[PDB]
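Engineer: so I've got this experimental structure, pasted below with the sequence.
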Amino acid sequence: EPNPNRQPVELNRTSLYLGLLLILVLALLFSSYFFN
Amino acid sequence: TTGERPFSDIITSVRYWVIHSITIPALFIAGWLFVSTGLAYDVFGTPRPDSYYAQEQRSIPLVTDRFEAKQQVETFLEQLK
Amino acid sequence: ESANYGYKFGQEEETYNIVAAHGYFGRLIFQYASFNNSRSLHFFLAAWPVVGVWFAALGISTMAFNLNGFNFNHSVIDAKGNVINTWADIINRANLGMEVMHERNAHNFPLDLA
Amino acid sequence: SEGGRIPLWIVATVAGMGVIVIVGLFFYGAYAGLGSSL
Amino acid sequence: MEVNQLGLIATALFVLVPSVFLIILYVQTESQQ
Amino acid sequence: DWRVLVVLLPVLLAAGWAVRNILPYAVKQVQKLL
Amino acid sequence: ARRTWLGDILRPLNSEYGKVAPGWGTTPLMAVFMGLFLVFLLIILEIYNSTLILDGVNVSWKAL
Amino acid sequence: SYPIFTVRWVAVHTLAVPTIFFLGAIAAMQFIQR
Amino acid sequence: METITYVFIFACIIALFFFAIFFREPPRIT
Amino acid sequence: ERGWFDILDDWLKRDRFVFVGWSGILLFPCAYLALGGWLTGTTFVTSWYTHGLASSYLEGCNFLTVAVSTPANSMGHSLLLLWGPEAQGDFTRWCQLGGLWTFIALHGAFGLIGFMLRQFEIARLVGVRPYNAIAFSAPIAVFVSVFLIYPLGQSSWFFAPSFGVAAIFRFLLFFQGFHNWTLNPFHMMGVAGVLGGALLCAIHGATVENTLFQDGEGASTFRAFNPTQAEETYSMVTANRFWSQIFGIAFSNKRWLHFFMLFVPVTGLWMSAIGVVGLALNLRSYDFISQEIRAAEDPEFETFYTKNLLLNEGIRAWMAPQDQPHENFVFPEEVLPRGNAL
Amino acid sequence: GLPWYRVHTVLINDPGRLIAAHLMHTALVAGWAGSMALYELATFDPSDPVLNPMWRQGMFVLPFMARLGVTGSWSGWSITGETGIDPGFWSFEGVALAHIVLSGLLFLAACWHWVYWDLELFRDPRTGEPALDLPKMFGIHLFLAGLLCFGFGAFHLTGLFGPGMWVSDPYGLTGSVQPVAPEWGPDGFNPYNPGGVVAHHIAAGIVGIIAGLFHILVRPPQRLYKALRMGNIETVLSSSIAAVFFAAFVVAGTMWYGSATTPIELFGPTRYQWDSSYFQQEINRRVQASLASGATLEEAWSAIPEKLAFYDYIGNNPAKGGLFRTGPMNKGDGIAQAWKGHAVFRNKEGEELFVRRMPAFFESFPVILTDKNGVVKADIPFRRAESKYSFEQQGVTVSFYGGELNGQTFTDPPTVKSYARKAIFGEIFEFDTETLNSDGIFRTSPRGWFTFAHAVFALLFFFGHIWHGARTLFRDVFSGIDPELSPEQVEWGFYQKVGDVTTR
Amino acid sequence: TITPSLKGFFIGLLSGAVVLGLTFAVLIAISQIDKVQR
Amino acid sequence: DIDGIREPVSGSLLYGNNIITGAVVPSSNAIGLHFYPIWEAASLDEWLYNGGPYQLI
Ligand code: CLA
Ligand code: CLA
Ligand code: CLA
Ligand code: CLA
Ligand SMILES: C=Cc1c(C)c2cc3nc(c4c5[nH]c(cc6nc(cc1[nH]2)C(C)=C6CC)c(C)c5C(=O)[C@@H]4C(=O)OC)[C@@H](CCC(=O)OC/C=C(\C)CCC[C@H](C)CCC[C@H](C)CCCC(C)C)[C@@H]3C
Ligand SMILES: CCCCCCCCCCCCCCCC(=O)OC[C@H](COP(=O)(O)OC[C@@H](O)CO)OC(=O)CCCCCCCCCCCCCCC
Ligand SMILES: CC1=C(/C=C/C(C)=C/C=C/C(C)=C/C=C/C=C(C)/C=C/C=C(C)/C=C/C2=C(C)CCCC2(C)C)C(C)(C)CCC1
Ligand SMILES: CC1=C(/C=C/C(C)=C/C=C/C(C)=C/C=C/C=C(C)/C=C/C=C(C)/C=C/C2=C(C)CCCC2(C)C)C(C)(C)CCC1
Ligand SMILES: CCCCCCCS[C@@H]1O[C@H](CO)[C@@H](O)[C@H](O)[C@H]1O
Ligand SMILES: CCCCCCCS[C@@H]1O[C@H](CO)[C@@H](O)[C@H](O)[C@H]1O
Ligand code: OEY
Ligand SMILES: [Ca+2]
Ligand SMILES: [Cl-]
Ligand SMILES: [Cl-]
Ligand SMILES: [Fe+2]
Ligand SMILES: [Mg+2]
């Protein structure tokens, strides 16, 4: 039987841009320390 | 409004000033005397200008033991002649 | 759903209740420390950091001409004339470490005048 | 007695002047006695 | 320069895993009517 | 200590004074709330 | 829903949802234990902190 | 019409009374000489 | 290797600027 | 069921000039005691026996140099209760041993707890969401990590910040010299959050003030607003176009805008908090190992990183003996790191 | 649809799948413990518990296995230096394997509970809706926890039926797993008395059983049920998160300060042992005792165990590392090979001089030598031109007693200076820096990393508690406030009591 | 044995109890005198 | 050579810097406040040694 609690998930484009910018800036910041 | 008398109402009343033209100077003078009598020094254990050091000493009376700190300070105060 | 979808770009009506926010913050402190005028509030938001950063900038720009921070080095002296250190003097010690180590090969004469 | 007799602007003025007196006293103290470096 | 060589993969994964996460979420959002 | 009475005396005279001036209205408020 | 043997066995353990005691119930009692617990914590903190020093309790590696 | 002694009264004076006392103390300090 | 990494990340960020600016969700008045 | 609890609840939540509430029972004494404690200390109490410093108005310090200083290093992490084994009920000794520091820090901690409970309580009474409290989590994280966790990681309370302007400056310089704290990416995120916050504050405020609708005739635009009006007082659409054309991107969602204004500084402060928790253990972002290997081998290799390390070494050597009197550092002139001439 | 940060909220009214998710989490954590143990066992060098114990090697879970009595490998070695032992099944490998298998079983169970989510058990008998009776659930789980706690204390720790636990002497020289008797007196609350650990689990276990029976049999009062929203599982999330960051701060603290459950042979020394020269004092005490009994300097110092000397060295201080200085301590100063012996510095006049030890605060520290009275007698100058205390001027020599350099004296300034530089770190060791390509820079121990991770997680979880607590108490306004909020409910004086419309 | 610090502990305990007790006694008294109107 | 004492400071990634340590280094102290455009240099190599890019930027 199909579970009635299932919900669709969303991520709009602006959230994609924001998220990508966060990940990339965090990488740009921490990478020096990873290489050390 | 929350029911209390408005501040502007009170601080422009003659009575407010009858009371506070007394109570405020009195407090001021009380504090002044608290210092001028030297009471503050003894209450808080703050050194007077002539009691940071013994006359020839240049070392700080630094507390160096946790449970004997009180005794240390008292000893330091003794060594001030 | 995201609460943000409750706002639609260009809608004529406000998306929050400024009277509720005012009632809340006004009770948080007291009534007369809370803005009830959005214009004067937003103006405050604008003015405070802008004026502050103006002062920071003027700080750098005036220290450019060596009108420097407060100097209380050895400001407190006991009855005999012993220096009683304050936190200002500790700061001075740290400042000295910086001064003596900075550009370690560039100074030939005892004062770093620029 | 009845609130409203003494005009607010006079109160404000006297108060402000008191503030200036006391703060002036503190700045004077920066140059005399303790903490004056002398 | 004697950098820690793991830095490379650490950085790569740091970028790729969450980025890919977002991309999956975005694309399947667009493909919904 | 004499300095304690010297320092407390102005404040005590102040309290006594404000009590003198405000007492009737004070008992009026206390009675009113009761 | 689907019944199972284990489900039927456990069924009464999950059947009193929302059942409450009226009013304040055992809240006073609870409060007491909380009070007690607080003091207990205070004690073990202050022992660890050397703010409370007890005979025979040497808060050090040199305990044993 | 209005009460004199309220929560606000108490809050105001717990801050105001020590403040004037302290201002007197610090004012006095300005005349201390080493 | 590190240099390539740093410059790569940077380059991605600039590319991202391009897309976020010119290929943004259009604000639509309603 | 109107028992005493409910009557008390009635009284505590009366709409008065200063709201009290249940939280008020915790908030008001603690806050009051912290404030009074700082005012008392900075006015009257010395740091002679704990730091070898004058720190009060009574001693001749001014507003910038007064402080309630931390206890002596010898106290360890003692609660320094007035009735505790160090002061033994002696108020004066307690003041001289640094009791006011733990007094202020602890009453201050519980005060902050009280304030945030107050935010929750009032939020619940009025019917708003508790985002203000949530936002206030960030100051609490900062306070707790810097004033409690950080010294708890170290040898004693002595190395916590002392409560004063110059004392805090010293704290900053210490963190540079010993911890190389500016190099720490968690601090960096904090800086980004705080400056980003200030930036958002300015830019949102200015944008609103410069996209106002003419809703009045006067040259003072402040009058042309009514708290109960339904219409927006400024044009989001014009704001959006302006920023889209000036800067490339712009907000289009107001809820998202104000959430973002919540998000940036709160998150920044939380990040700095994490970094300081690291510094409690001296788990620093002090060096870049590759830089040090190269520089050790290659005396012509210089960067701003190595330059700053030379500065840190100076800070440590020159400030340690006076800043850490209990250590009894005697550093002869000849061992002090110095560049040429200076 | 759901924003990315709410995807897991689909479980809130689905007990079966909530259980599936919890099962999956448990499987993941068990699998991590297994994998982590296997990695450590693949990298652990068991060949020298004296100068290369587990905490020098970056071992994180090995010490937690050792702490509770797993000390042996199937390959025949044990962490206390024995060879030819049979640890039975419950070796490090056996523990790792059991966790891996548990992980697989929990994975399968998670699948089953995911697919068969619609169980009658999760429905309320009266309403037919999904419902969990959280108060009774709490009673049941609390009772089980009480049982487990009690059993752990009474059987495992005591050795009644189990190995006991890691105990040691005050200097962490002779650690082993031993049965521990409960301490029922006030010293039971001494964090350094392990008897207290035992007593705690027995007593708290019984209390847990009693309390559990109580929460099984006695319903919540209406007023607490309402106040805490006990019908809402998120209230349990909030208070559980609170308990958990509480616990986290406590284990961070006891890991940093030390206790009977964080032994130095398993996690390394504490920073405070360096701060107070804990080990140096015991070393000196033993040496003084030998000299008292007529032994020579060389005898007195050669009698000092290398293990004890190794504790008295700042490279084992957990407050000396760095956030991005990764890996085992061996990667920093090297793999310790041997004590060089105790360095005794002397000047031309034959006075004994003492190197000022490095405080943990300093990445670097000058080399300064005093006499017993703390008077500076020699140093390594920065500016040479007005040097008065140079080793060359002062004719400083170093002699070694004990260790590989026993009986030797060095008189050439460069050598003497080398040893003085090492002497600021405490006792001096020979390190193999080649094997690991060690870079010479200090790293922290498992004590450090544990403490850091758990202080940070405790702090973040505080925020978790705030967030979920807020969501529990403000569920009605989560999506926003009442569009018909009366301006007079929020304006002043309209109601006597804030928020109470019956007080207008 | 009652060490001086155990005594100190009891004094702190009793002080706290007295502070809280007086506070709540006053609060309850005032609450009972100045009731809200419904 | 930021401070003009023939002691060149490395600022670029290719010359041993990471994102955190890297910089465009201020022009040489020997230049002071003199205007140093590219065409005042005898070569680009000179210009680079003396920190011309800082001024241009
Ligand atoms: C109202 C809120 C409040 C809170 C949360 C605090 C909290 C604190 N105070 Mg502050 N204080 C307050 C108000 C408050 N204070 C007020 C109004 C004053 C003025 C009187 C003070 C004056 C003051 C001083 C002078 C000092 C403190 C100190 C402290 C700290 C130690 C407290 C302690 O150990 O008590 C322990 C007591 C309790 C926890 C009471 C619990 C009662 C239990 C639950 C009931 C059982 C009691 C039982 C019947 C007693 C049996 C006794 C018998 C065995 C002999 C703690 C941070 C100390 C400090 O800051 O050290 C640095 C300190 O020296 N406070
Ligand atoms: C009857 C015999 C008996 C004995 C001998 C013990 C012995 C012990 N108990 Mg147990 N206990 C018992 C019965 C017993 N218990 C019973 C019947 C219960 C009721 C179920 C408990 C409930 C209990 C709890 C809840 C705890 C103990 C703990 C302990 C240990 C205390 C030593 C220590 O390391 O404290 C260390 C811990 C403290 C000194 C308390 C810390 C309190 C914190 C500081 C409060 C503030 C938290 C705050 C959020 C921190 C954030 C601020 C910060 C970041 C600055 C010791 C093993 C403690 C423990 O396990 O420690 C490892 C502990 O937390 N016991
Ligand atoms: C409680 C957690 C914990 C702790 C305390 C340890 C401790 C240890 N590990 Mg173990 N480990 C763990 C969990 C843990 N581990 C987990 C979950 C895994 C699986 C990945 C491992 C896998 C593992 C391996 C493979 C190895 C270790 C090793 C070690 C040892 C060296 C540690 C080191 O160099 O770290 C370095 C720590 C850092 C560089 C800090 C990381 C800081 C992060 C990246 C910050 C992230 C910031 C974030 C993006 C900010 C977001 C902001 C945004 C929200 C706005 C040390 C004893 C090593 C060892 O010596 O083995 C013998 C080793 O080789 N561990
Ligand atoms: C027992 C622990 C626990 C549990 C069961 C939950 C459960 C929940 N949280 Mg809460 N939360 C917790 C702790 C917990 N939280 C803590 C410690 C914090 C502070 C950081 C929060 C802060 C928080 C916020 C701000 C929000 C939630 C929300 C939620 C709900 C939706 C979660 C979701 O879909 O994320 C989905 C997450 C992802 C799809 C990716 C997350 C990637 C993270 C950031 C990095 C990866 C972590 C890594 C894989 C695992 C590390 C393990 C670590 C413990 C060592 C769900 C009920 C949301 C909610 O209330 O919805 C209504 C919500 O907005 N939580
Ligand atoms: C130094 C910087 C700084 C100060 C002085 C500060 C101050 C304040 N923040 C408040 C609020 C906030 N701050 C917030 C976000 C931030 N706050 C920030 C930084 C600061 N915030 C930053 C960077 C952020 C971004 C995230 C939010 C979201 C709020 C609020 O909602 C709240 C507010 O109402 O603002 C209007 C108020 C809390 C009132 C209160 O707790 O009363 C109770 C007083 C108590 C409990 C006493 C505290 C005792 C302290 C902790 C220790 C003792 C300190 C001494 C008395 C003085 C020492 C002085 C020396 C150091 C020089 C208060 C005005
Ligand atoms: C008159 C004093 C000027 C002080 C410096 C400038 C402050 C105002 C500029 C902030 C720029 C923010 C960005 C634009 C934000 C923006 O668009 O503003 C808009 C806002 C409202 O504009 P209106 O058009 O309604 O009024 C301005 C004119 O049109 C005249 O009606 O302007 C003002 O309120 C001007 C206030 C003048 C009086 C302000 C006095 C403030 C200083 C008080 C003393 C503080 C000293 C502290 C020292 C420690
Ligand atoms: C500690 C302690 C305590 C408490 C005490 C208290 C509570 C106190 C209070 C105190 C106080 C409460 C004080 C106050 C003071 C104040 C002051 C000192 C003020 C000053 C001010 C001024 C000087 C001003 C200035 C200004 C500004 C700021 C801005 C505007 C302008 C002007 C210039 C006006 C007890 C006994 C419980 C116990 C023991 C310990
Ligand atoms: C099926 C089956 C089986 C098997 C099983 C298995 C094979 C398992 C495995 C499992 C596993 C093998 C698992 C693992 C896991 C792991 C994990 C889960 C991890 C995680 C991690 C993390 C989460 C991390 C994070 C981080 C990072 C990355 C960085 C730093 C920071 C941190 C820490 C945050 C058997 C035959 C038995 C039986 C039944 C069936
Ligand atoms: C699922 C496959 C895993 C099988 C591994 C079983 C190891 S069994 C293990 O073997 C050791 C051999 O020296 C013995 O010392 C030990 O007593 C015995 O329990
Ligand atoms: C000229 C050097 C003569 C004295 C030897 C130096 C002090 S001792 C030396 O210290 C090294 C760390 O730098 C260790 O790696 C090595 O094992 C140890 O022999
Ligand atoms: O800091 Mn000090 O003072 Ca202004 O110059 Mn003189 O030495 Mn150098 O050139 Mn860069 O810096
Ligand atoms: Ca004189
Ligand atoms: Cl420099
Ligand atoms: Cl010069
Ligand atoms: Fe706004
Ligand atoms: Mg003066």
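Structural biologist: Perfect, thanks for sending it. Numbering: from 1, shown residues only, chains lettered A, B, ... in the order given. Ligands and ions are numbered 1, 2, ... in the order given.
Engineer: in chain H, which residue is most central in space?
Structural biologist: Centroid-nearest residue in chain H, with CA atoms, centre = their mean: residue H:17, separated by 2.5 Å.
Engineer: assumed it was part of a helix.
Structural biologist: Yes. Per DSSP: H, G, I helix; E, B strand; the rest coil, residue H:17 lies within a helix segment.
Engineer: ligand 10 versus that one, what's the distance?
Structural biologist: Here the criterion is CB to the nearest ligand atom, to the nearest Å. By it, residue H:17 lies 66 Å from ligand 10. To be clear about C-beta, it is placed using only N, CA and C from the backbone, and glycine gets the same treatment.
Engineer: and for residue K:409?
Structural biologist: 13 Å.
Engineer: find the residue closest to the residue nearest to the centre of chain H in space, skipping its chain neighbours.
Structural biologist: Nearest residue to residue H:17 in three dimensions, chain neighbours excluded: residue B:27, at 6.2 Å (CB to CB, 6 or more residues apart in numbering or on different chains).
Engineer: contacting residues for that neighbour?
Structural biologist: F:10-11, F:14, H:17, H:20-21, H:24 (CB atoms under 8 Å, 6 or more residues apart in numbering or on different chains).
Engineer: phi, psi of the closest residue to chain H within chain D?
Structural biologist: Proximity of chain D to chain H (CB to the nearest CB) peaks at residue D:29, 3.5 Å away. The phi and psi values for residue D:29, taken as degrees, to the nearest 10, are phi -60, psi -20.
Engineer: any idea which of the contacts of residue B:27 has the most stuff around it?
Structural biologist: residue H:24 (25 neighbours; other CB atoms under 10 Å in any protein chain shown).
Engineer: residue K:271: how many residues sit nearby?
Structural biologist: 26.
Engineer: in the chain, mark out all the helices, start to finish.
Structural biologist: No chain specified, so I'll use chain A. Assigned helices in chain A, in chain order: A:13-35 (criterion: DSSP state H).
Engineer: that's the wrong chain, I wanted chain E
Structural biologist: E:6-30.
Engineer: then chain I?
Structural biologist: I:2-22.
Engineer: and the residue of it closest to chain C?
Structural biologist: residue I:29 (3.4 Å).
Engineer: could I get the full set of helices for chain J?
Structural biologist: For chain J, helices defined by DSSP H occupy the ranges J:4-12, J:23-44, J:48-51, J:91-96, J:99-126, J:131-144, J:150-153, J:165-179, J:185-209, J:236-247, J:254-279, J:289-297, J:304-323.
Engineer: among these, which is the most enclosed?
Structural biologist: The highest mean neighbour count among the helices of chain J, using mean count of other CB atoms under 10 Å in any protein chain shown, belongs to helix J:48-51: a mean of 28.
Engineer: mind giving me the packing neighbours of that helix?
Structural biologist: helix J:91-96 (3 or more CB pairs under 8 Å, 6 or more residues apart in numbering or on different chains; DSSP states H and E).
Engineer: next one: the helix it packs on, is it in contact with chain B?
Structural biologist: Yes. Applying CB under 8 Å from any CB of the partner chain, one finds helix J:91-96 touching chain B at J:91-93, J:95-96.
Engineer: same question for stretch F:10-18.
Structural biologist: Yes. Using CB under 8 Å from any CB, stretch F:10-18 reaches chain B at F:10-11, F:13-15, F:17-18.
Engineer: show me the contact partners of that stretch.
Structural biologist: With contact meaning CB under 8 Å, 6+ apart, stretch F:10-18 is reached by B:19, B:22-23, B:26-27, B:29-30, B:33, H:21.
Engineer: nearest to ligand 4 among those?
Structural biologist: residue H:21 (45.7 Å; CB to the nearest ligand atom).
Engineer: so for chain M, the centremost residue is which one?
Structural biologist: Nearest to the geometric centre of chain M sits residue M:51, at 1.7 Å (CA atoms, centre = their mean).
Engineer: what separation is there between that residue and residue K:220?
Structural biologist: 74 Å (CB to CB, to the nearest Å).
Engineer: next: residue J:153.
Structural biologist: Using CB to CB, residue J:153 is found at 40 Å from residue K:220.
Engineer: ok, now residue K:459?
Structural biologist: With distances taken as CB to CB, residue K:459 is found 31 Å from residue K:220.
Engineer: what's near enough to touch residue J:265?
Structural biologist: J:138, J:193-194, J:196-197.
Engineer: near chain I too, which of the residues you listed?
Structural biologist: Counting by CB under 8 Å from any CB, no member of the contacts of residue J:265 reaches chain I.
Engineer: from those, which single one is nearest residue C:85?
Structural biologist: residue J:194 (31.4 Å; CB to CB).
Engineer: wait, that closest one sits on residue J:269?
Structural biologist: Yes. Assessed by CB atoms under 8 Å, residue J:194 is found in contact with residue J:269 at 7.4 Å.
Engineer: helix or strand: which one has the residue of the stretch 201-350 of chain K found nearest chain M?
Structural biologist: Nearest residue of the stretch 201-350 of chain K to chain M, counting by CB to the nearest CB: residue K:324, 11.2 Å away. Of the helices and strands defined by DSSP states H and E, none includes residue K:324.
Engineer: again with residue K:431
Structural biologist: strand K:428-432.
Engineer: the helices of chain J: which one's closest to ligand 3?
Structural biologist: It is, among those and with distance given as CB to the nearest ligand atom, helix J:254-279, at 5.6 Å.
Engineer: what strand or helix carries the residue of chain L found nearest chain C?
Structural biologist: Of all residues in chain L, residue L:36 sits closest to chain C, at 16.7 Å by CB to the nearest CB. For residue L:36, there is no host helix or strand (DSSP H and E).
Engineer: tally of neighbours for it?
Structural biologist: 18.
Engineer: ok, now residue C:30?
Structural biologist: Per other CB under 10 Å, the neighbour tally for residue C:30 reads 17.
Engineer: residue contacts, the most centrally placed residue in chain B?
Structural biologist: The centroid of chain B falls nearest to residue B:40 when counting by CA atoms, centre = their mean (4.3 Å). Counting by CB under 8 Å, 6+ apart, residue B:40 makes contact with B:34, B:46, H:25, J:44, J:58.
Engineer: ok, so what distance separates the last one from residue B:36?
Structural biologist: Residue J:58 sits 12 Å away from residue B:36, going by CB to CB.
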